[PDB]
Amino acid sequence: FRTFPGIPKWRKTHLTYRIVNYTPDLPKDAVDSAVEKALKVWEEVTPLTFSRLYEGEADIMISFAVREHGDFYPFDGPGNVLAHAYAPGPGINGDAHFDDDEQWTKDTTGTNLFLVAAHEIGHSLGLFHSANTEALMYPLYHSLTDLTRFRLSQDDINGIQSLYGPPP
Ligand SMILES: O=C(O)[C@@H](Cc1c[nH]c2ccccc12)NS(=O)(=O)c1ccc(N2CCC(c3ccccc3)CC2)cc1
Ligand SMILES: [Ca+2]
Ligand SMILES: [Ca+2]
Ligand SMILES: [Ca+2]
Ligand SMILES: [Zn+2]
Ligand SMILES: [Zn+2]
């Protein structure tokens, strides 16, 4: 695993998230399911706990956007960058943005929201990119023939526990 330069991290283990808005591509329940599942992957292997805010400023603000959307990294239309998220800290840090010029799916065929979101939360928590081809935090997007076979790698577990420790 790799962390980010200067090893940014949360210095608290109760985190909040807000889903600021929603993609046209999936029902809200499917997006919520992807986000919750994405949070749970990391929750499971750490002392971190998450709760949702429906207003105000949460730690991890999650949103869907296209092209220019208010930060240093405008999205790029269909393909290429699918999403991004910022390392732990205040304001934009911790936030995760999804390119709504992708077509978001819960299936095996398109751009899978759960898999991307789980990866992005890893960033939001302070994991950078892994050299392990099997890791969630590997830099190149792929999916699975069987989404039920998803498992967080030991490399990812090691990385996140390097930041926050194992579960209590
Ligand atoms: O978050 C990104 O990486 C951003 C933005 C981005 C581009 N340069 C960067 C340099 C530093 C930080 C962010 C970026 N690029 S991106 O949108 O192209 C991207 C998104 C997701 C992924 N996955 C990797 C493998 C994965 C998986 C693993 C195990 C089992 C099943 C599935 C699912 C998600 C990779 C790359
Ligand atoms: Ca794109
Ligand atoms: Ca934030
Ligand atoms: Ca879209
Ligand atoms: Zn952005
Ligand atoms: Zn990444």
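The first residue of the sequence shown is numbered 1, and numbering continues consecutively from there. Computed over heavy atoms, backbone and side chain alike; hydrogens, waters and symmetry mates excluded. Atoms within each ligand, like the ligands themselves, are counted from 1 in listed order.
The residues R67 and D99 are annotated as not salt-bridged, no charged nitrogen and carboxylate oxygen being separated by less than 4.0 angstrom. A salt bridge is defined here as a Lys NZ or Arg NE, NH1 or NH2 lying under 4.0 Å from an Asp or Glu carboxylate O, and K106 with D29 fails to meet this definition.
When rounded to 10 degrees, the angle formed at the Ca ion (ligand 3) by O (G91) and O (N93) equals 80°.
One of the N, O or S atoms belonging to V81 lies under 3.0 Å away from the Ca ion (ligand 2). Under 3.0 Å from the Ca ion (ligand 3) lies no N/O/S atom of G94, from backbone or side chain alike. With a cut-off of 3.0 Å, the Ca ion (ligand 2) has an N, O or S atom of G77 in range. For the Ca ion (ligand 3), the N/O/S atoms of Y86 include none lying under 3.0 Å. The Ca ion (ligand 2) lies under 3.0 Å from an N, O or S atom belonging to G79.
Hydrophobic clustering places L147 together with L82 (ILVMFWY residues linked when any side-chain heavy atoms are closer than 4.5 Å, directly or through intermediates).
Heavy-atom contacts from other residues, nucleotides or ligands closer than 6.0 Å to OH of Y73 number 12 or fewer.
Looking at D59 and the Ca ion (ligand 3) together, the shortest N, O or S contact belongs to O. Nearest N/O/S atom of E102 with respect to the Ca ion (ligand 2) is recorded as OE2. Nearest N, O or S atom of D95 to the Ca ion (ligand 3): atom OD1. For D76, the N, O or S atom closest to the Ca ion (ligand 2) goes by the atom name OD1. Residue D25 approaches the Ca ion (ligand 4) most closely through its N/O/S atom OD2. Distances from the Ca ion (ligand 2) to the N/O/S atoms of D99 are shortest for OD2.
No side-chain donor-acceptor contact under 3.5 Å links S63 and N21. Using modelled atom types and a 3.5 Å distance limit, the side chains of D71 and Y86 yield a donor-acceptor pair.
Residues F114 and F150 bring their aromatic ring centres within 6.0 Å.
Using cut-offs of 30° and 60° for the angle between ring planes, the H123 and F4 rings count as tilted.
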